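J.: once you've seen the sequence and the experimental structure below, I've got questions.
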Amino acid sequence: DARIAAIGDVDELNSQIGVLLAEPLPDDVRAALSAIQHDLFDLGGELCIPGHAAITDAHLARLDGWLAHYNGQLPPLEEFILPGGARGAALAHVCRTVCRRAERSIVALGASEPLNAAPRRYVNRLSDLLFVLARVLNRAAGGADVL
Amino acid sequence: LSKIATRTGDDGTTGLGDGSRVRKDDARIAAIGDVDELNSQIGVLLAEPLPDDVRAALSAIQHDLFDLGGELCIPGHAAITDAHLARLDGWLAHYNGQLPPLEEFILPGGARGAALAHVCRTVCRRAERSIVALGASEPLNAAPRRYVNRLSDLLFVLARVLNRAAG
Amino acid sequence: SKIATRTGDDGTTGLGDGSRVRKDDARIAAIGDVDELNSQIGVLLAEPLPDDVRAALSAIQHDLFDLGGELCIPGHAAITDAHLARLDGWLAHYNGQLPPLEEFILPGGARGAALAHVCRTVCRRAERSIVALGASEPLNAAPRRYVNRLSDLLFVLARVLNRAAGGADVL
């Protein structure tokens, strides 16, 4: 059941990003989110079929790059913030939490079955990237994060 | 010592379709909750502009999911019948017939309505997992699992229909 | 792997006392579900809402942040009778504005009302996680009693939002 559950949560995460993608977004953000949807598709395909790996260092390198890029666009967070703000920002936070949920099950799968570490490392980074994108979307809307 | 009066359920339990009391983390309660969550997500979908037939089907499905939750609330009860399953089969055939052959894989998204349909789809599959988990701890007729299994496929097809309609 | 290690890459997460637990631990699941709930409320808050309802939901977001903190920080409590009293107050406040529910309702209606019902179900989900956690770890009753009341309040608010939209509750 661990594998079935992980496959499902990743699918749920990808669907939530589809909802975020239905919102107005900066071009750079839309492109990243779109590529991520393909990544999650490969990730899901990998958790399922045994002996087949699809997530590589390059995938992790791309997330690290987007993290570095977007974080450089924002001043370090000084105070704790609450999930919300502009609709796109709020949706990004929902995606963030669903990604963390998908991470918990992926970690569960790796604990009871031979699993490559790339999957969990990918969603670990995606969780942090969605947090940052929420901030970007709040600023892009002309607002600020909810403190 | 809390000075706040207790409310039903404060002790971490909830009542079933009888005098039965169970702890909220019980497999049966999780199954009931996930079906409720799925129904709520469909409610969000119903707040979108929709083609007439799609709305009629989803509206009807909410009543079915209510009955399904009811069936799970009463261990010794059965609300979902083959008639419910049969109706989902009919909808599947009806809508699949409206759509052209699916040659390549597709990612969840598109118009907001289609995107929400995919969320309903994944939440429906999550509810199916909880219902399956319930069957591992208690005897359970198949109608519930069969219903949600069929519904997740329908939601997939409806997502495609909604994109077409939403452009 | 030629990729540098990031905090959490090993499948664990840090608690407030510096200790680290695997991410599938029951405690992390409860913290996560509370976080998910707070995020859904944030989506509801992005909708057009009556000012009193917005003020209430915004305050609740602060409570849930504190609630998550209590679950994450050992030797740290944050939810008190005051928090539970405020919820009871809002429940009495809003229920009094509505006619008695004579029949079962389906989750949905106006967009804001539908989203409130989603929050309600995610809240119940978080409650199941908090309960599972307290089943193997010493927990104050407060967190559990808080989300227990919040679930009912989100149901009530859903009805309020359907009223405000001039619509009604789906039967």
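T.: Sure, I can see it. Numbers count the residues shown, from 1 in each chain, chains lettered A, B, ... in the order given.

J.: since we're on residue A:87, how many residues are nearby?
T.: 18 (other Cβ atoms under 10 Å in any protein chain shown). In this view, the C-beta of every residue, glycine as well, is placed from N, C-alpha and C.

J.: now do the same contact list for the residue lying closest to it once chain neighbours are set aside.
T.: Nearest non-adjacent residue to residue A:87, counting by Cβ to Cβ, 6 or more residues apart in numbering or on different chains: residue C:46, 4.0 Å away. By Cβ atoms under 8 Å, 6 or more residues apart in numbering or on different chains, the contact list for residue C:46 reads A:84, A:85, A:86, A:87, A:89, A:90.

J.: strands - which of these land there?
T.: Judged by DSSP state E, strands contain none of these.

J.: if we only consider these, which is nearest to chain C?
T.: residue A:84 (2.8 Å; Cβ to the nearest Cβ).

J.: what's that closest one sitting at in phi/psi?
T.: Main-chain dihedrals, residue A:84, degrees, to the nearest 10: phi 150, psi -170.

J.: how near is it to chain B?
T.: 17 Å (Cβ to the nearest Cβ, to the nearest Å).

J.: now residue A:100
T.: 15 Å.

J.: how about that residue, secondary structure?
T.: helix (DSSP: H, G, I helix; E, B strand; the rest coil).

J.: same deal with residue A:76?
T.: coil.

J.: picking up where we left off before, mind checking which of the contacts of residue C:46 are in helices?
T.: A:87, A:89, A:90 (DSSP state H).

J.: chain B: which of these is nearest?
T.: Using Cβ to the nearest Cβ, residue A:87 comes nearest to chain B of the ones in helices among the contacts of residue C:46, at 10.8 Å.

J.: which SS class is the spatially most central residue of chain A?
T.: The centroid of chain A falls nearest to residue A:126 when counting by Cα atoms, centre = their mean (3.3 Å). Look at residue A:126: counting by three-state DSSP, its state is helix.

J.: over to residue A:6?
T.: The three-state assignment at residue A:6 reads helix, by three-state DSSP.

J.: which helix or which strand is home to the residue of chain A found nearest chain B?
T.: Closest to chain B within chain A is residue A:18: 3.0 Å, counting by Cβ to the nearest Cβ. In this assignment (DSSP states H and E), residue A:18 forms part of helix A:2-20.

J.: and that helix with helix B:112-137, angle?
T.: Using axes from the mean of the first three to the mean of the last three Cα atoms, to 10 degrees, the direction of helix A:2-20 lies 160 degrees away from that of helix B:112-137.

J.: quick one: helix A:2-20 to chain centroid distance?
T.: Helix A:2-20 sits 11 Å away from the centroid of its parent chain (Cα atoms, centre = their mean, to the nearest Å).

J.: over to stretch A:108-128?
T.: Distance, stretch centre to chain centre, for stretch A:108-128: 13 Å (Cα atoms, centre = their mean).

J.: pull it out as CSV, backbone CA atoms only.
T.: Taking C-alpha atoms only, stretch A:108-128 is exported to CSV below (Å, rounded to 0.1, in the frame of the first residue of the first chain):
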residue,chain,number,x,y,z
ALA,A,108,7.4,5.8,3.8
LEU,A,109,7.8,3.8,0.6
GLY,A,110,11.6,4.0,0.8
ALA,A,111,11.6,2.7,4.3
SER,A,112,10.0,-0.6,3.4
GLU,A,113,11.1,-1.0,-0.2
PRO,A,114,14.3,-0.6,-2.2
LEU,A,115,13.9,3.1,-3.3
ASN,A,116,16.3,5.5,-5.0
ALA,A,117,16.8,8.7,-3.1
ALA,A,118,16.1,11.1,-6.0
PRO,A,119,12.3,11.0,-5.6
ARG,A,120,12.3,12.2,-2.0
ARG,A,121,15.1,14.7,-2.7
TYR,A,122,13.0,16.0,-5.6
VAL,A,123,9.9,16.7,-3.5
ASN,A,124,12.0,18.0,-0.6
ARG,A,125,13.2,20.7,-3.0
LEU,A,126,9.8,21.2,-4.7
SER,A,127,8.3,21.9,-1.2
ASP,A,128,10.7,24.7,-0.7
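
J.: from the centre of chain A, point out the most distant residue.
T.: Outermost in chain A, Cα atoms, centre = their mean: residue A:51 at 24.6 Å.

J.: check the secondary structure at that one for me.
T.: coil.

J.: please report phi then psi for it.
T.: Here residue A:51 shows phi and psi, under degrees, to the nearest 10, equal to phi 90, psi 0.

J.: again, but for residue A:28
T.: Dihedral angles (degrees, to the nearest 10) for residue A:28: phi -60, psi -40.

J.: one more: residue A:146?
T.: phi -80, psi 120.

J.: what's across from it in the sheet?
T.: On the basis of DSSP bridges, residue A:146 is bridged to residue A:82.
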